[PDB]
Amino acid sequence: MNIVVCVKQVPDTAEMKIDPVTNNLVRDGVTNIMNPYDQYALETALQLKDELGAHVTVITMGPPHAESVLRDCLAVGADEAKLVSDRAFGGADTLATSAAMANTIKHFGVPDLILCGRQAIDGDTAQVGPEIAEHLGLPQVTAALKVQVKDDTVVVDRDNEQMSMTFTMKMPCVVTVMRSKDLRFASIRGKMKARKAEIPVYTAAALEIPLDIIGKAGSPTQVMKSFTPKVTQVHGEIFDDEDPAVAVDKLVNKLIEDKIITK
């Protein structure tokens, strides 16, 4: 079986902090990483490779420096990597990004399974995987909690707010991944074989993707403005008495007086 994992390099937005005193955005420890939900998607592909012998290709639409993410993928055992890089793809919304990715995937031949993260932690739209699936006319299951393959079918656990569910579909299909075990470790050997690999770089012209469907030109939406939201500082009343019975008395009498706990 052939698997394509769509991976995205992102700033580590989990490291961003708005200071509630200044309302300023602090970026201490923010570096570019592999999108964590993409690390789950990749680890899932790798588990299927271990189990069944699958061929795993990772593809990203990013600037040149996004190459490092592809290297990290190869370093943990992905078979092949492709970098889709051209300023013509820049400025893309999720429609334009999915159009580029869907057309890239088709060009090389649609695999048996396409895995995406549930969302990217920068945009946080959770739109690209289902949009890819629609562009390619394939069935989807979003927000996988577990993924298995049984013959020619993919078996996916997914919840909603009321129900815990399991679905099956025939390959070729698209799954977006909410969770898997943490992506496996890349050894020194792994990283060296990755460093030596050829990673082709594809322009829009090389892939014959029309310019008007990609980048800004292919984007129905446009970000008009962005801002750091205000964060109201909370001035907590925190009791740290030795005797937990004392701390609890204080806490409860305050919750009572402040109308938090009622009769």
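When you see a residue number, it is the position in the sequence shown, counting from 1.
Student: Can you tell me which stretch has the higher mean Cα B-factor, 98 to 106 or 164 to 172?
Tutor: Here the higher of the two C-alpha B-factor means belongs to 164 to 172.
Student: According to the deposited model, is the average Cα temperature factor higher in 227 to 235 or in 59 to 67?
Tutor: 227 to 235 has the higher mean C-alpha B-factor.
Student: Among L48, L42, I213, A206, where is the Cα B factor highest in this entry?
Tutor: Highest CA B-factor of the listed options: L48.
Student: Looking at the C-alpha B-factor values in the deposited entry, which of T153, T125, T142, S85 comes out highest?
Tutor: Answer, based on the entry's C-alpha B-factors: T153.
Student: Against its chain's modelled residues, does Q222's Cα B factor rank lowest, middle or highest third?
Tutor: According to the entry, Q222 has a C-alpha B-factor in the chain's middle third.
Student: Rank-wise, by C-alpha B-factor, drop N35 into the lowest, middle or highest third of its chain.
Tutor: Within its chain, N35 is a lowest-third residue by C-alpha B-factor, going by the deposited values.
Student: Looking at the C-alpha B-factor of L251, is it in the lowest, middle or highest third of its chain?
Tutor: Answer is middle: the recorded C-alpha B-factor places it there.
Student: In terms of the chain's CA B-factor thirds, is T22 lowest, middle or highest?
Tutor: Highest third of the chain for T22's C-alpha B-factor.
Student: Quick check for you: using the entry's CA B-factors within this chain, is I132 in the lowest, middle or highest third?
Tutor: Within its chain, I132 is a lowest-third residue by C-alpha B-factor, going by the deposited values.
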